[PDB]
Each structure stands twice: as C-alpha cells, then as structure tokens.
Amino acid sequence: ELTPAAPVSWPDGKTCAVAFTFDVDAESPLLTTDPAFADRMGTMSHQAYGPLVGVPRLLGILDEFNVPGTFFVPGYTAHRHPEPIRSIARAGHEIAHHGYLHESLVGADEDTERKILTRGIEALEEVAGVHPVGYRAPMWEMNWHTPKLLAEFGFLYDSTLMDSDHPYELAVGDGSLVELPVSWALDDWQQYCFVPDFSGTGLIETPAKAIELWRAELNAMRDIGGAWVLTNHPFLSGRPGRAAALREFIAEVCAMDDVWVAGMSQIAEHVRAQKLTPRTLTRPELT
C-alpha cells in the first residue's frame, strides 16, 4: 500500500516553500535529438540566447530581490558556455546536474546512465569547480533504476517526480533520496517554447498569461503548504517581456510573509533533517 506524501514542517514560522529554478538547456536538447541541428545557425542562435543574454538578465533579477536561484546545468552547456555558467557559481547560486547532452533516459541502461552522470559531474567540476548535490532528469523522464544510481553517486536530492505537492524521502535500496517534486504547469516550456522542427506548435503565450497560471498555482500551494518549484529556461524566460513579468512576480512572492523563498539544496537539507519515512512508487505490473 503506497502512502501519499504528507506535509513537511517549514522553518521560521513559514508555511510554504518556494524555489525559483532554471534549466540552462541552451542547445543541448536539440543536439541530442538530432546532431544535424548544430548546422542550423538560426536555431543555434536562438538557443545561445539563454546562456548569453537570459542568464545575466535572470542573475540581475535574482540579485535585485536577494533571491537564491537553482540552475540545473547540462555538462555540455557548461563546456560550450563556461563564462555564463561560472558567472552563476560566482554569483553564489547553486548549480545542479542535468545530464551531459541533456540525453533522453528512455531506453537507457544503467551503464549508459552512470557514464552520463560521471560525464556531467566532471564537466561541472572542470568548468565551474562545482560538485552538484542535486539532479533533474532531462525531459523530466527517468527509469525505475535511476534513483539507485543517484544514491550511488551521493546526490542529496532529485527534482523530477510529479506524484506529490510535498517534498518526501524517495526510498532507494536501504536508504533514500530527497524528492522535490515538479509539475508541467510550473514550467515555461509549455508557455513560450517555439523551435521549428523541434518543439512547439506555434503557440506563444503572453507573459501575463504565464504569470497568471503560476500565481493561481502558488496561491493554492500556500493553502496546501507544499514546496512550490518553478522551472524556467533562460533561452525562453530571459527574453525582455518574459523576464520583466518574472521580475514583477518575484517582487510579489518576496512580499509574501508566509513563504520561504529558498535554494533547492537548502529545501532538501531542511526536509532531510525531518527524518521522514521513505516512500516510493513501484513499476506498474501488467498480466
């Protein structure tokens, strides 16, 4: 009988936790899908906007409001854009693992996954001297064998699963891994992404519509007392109008006295110190 995740107690009289997170995907989701995307200068320029413009713009916004940010960086982004990635670490923001070439884990065996985890840790170490304690699977998809590899690599937390509003201890072998759950609604990819021959049907929402959608989710989460995890991509949300609406929303959230605006590893550490009973879903069985 799988228990649903229960509410966690938050610190400092706070009753909701909020994390602003950024997946610095840049070119990597396209290159892993089809390496011939490398030849598309137009498309590669749209992707390069994230690390080149979006990353400094978003860091200026986080710094204006003294907000911790968590940047999930694919190792290949770090190798192709080391000055943008180092600027994140230099600004004092946490960097977390997001694969090497943002590889799909669908069909991946344990050995393939283990090589990608090493390759991403080494790139982030080389480029920015960071050893990530956090992970998010590219494309928010992972295998039933993935958490044990994350445990083997000593990761503090994962932020990939969507079966809860509350953080929890994901049971892994004879231990656990903190889970900081996400949702497709709390992602700018479905709001702004348009990349011909790759992603998006042509629908490009207004920045007000996107904030509206997140604000309705946040107000509800404040009543639930969960961990509200927002995911944005610098090549999308770093654009002028979207960044300007995220800045206004961030100002609004920092003004909420009931909310703990925090880094992902700080959230995960606070959860870990609660010594919760681990839980996990199991693979669906079919006769």
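Sequential numbering from 1, following the sequence displayed.
For the segment pair 250 to 258 and 41 to 49, the entry gives 250 to 258 the higher mean B-factor, averaged over Cα atoms. When the two stretches 189 to 197 and 159 to 167 are set side by side, the higher mean Cα temperature factor goes to 189 to 197. Across the residues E103, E126, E110, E179, the deposited record lists the maximum Cα B factor for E126.
Ranked by C-alpha B-factor against the other modelled residues of its chain, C16 falls in the middle third. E152 sits in the highest third of its chain by CA B factor, as recorded in the PDB entry.
In the PDB entry, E205 places in the highest third of its chain by CA B-factor. Split the chain's modelled residues into thirds by C-alpha temperature factor. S237 is in the lowest one. In the PDB entry, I95 places in the middle third of its chain by CA B-factor.
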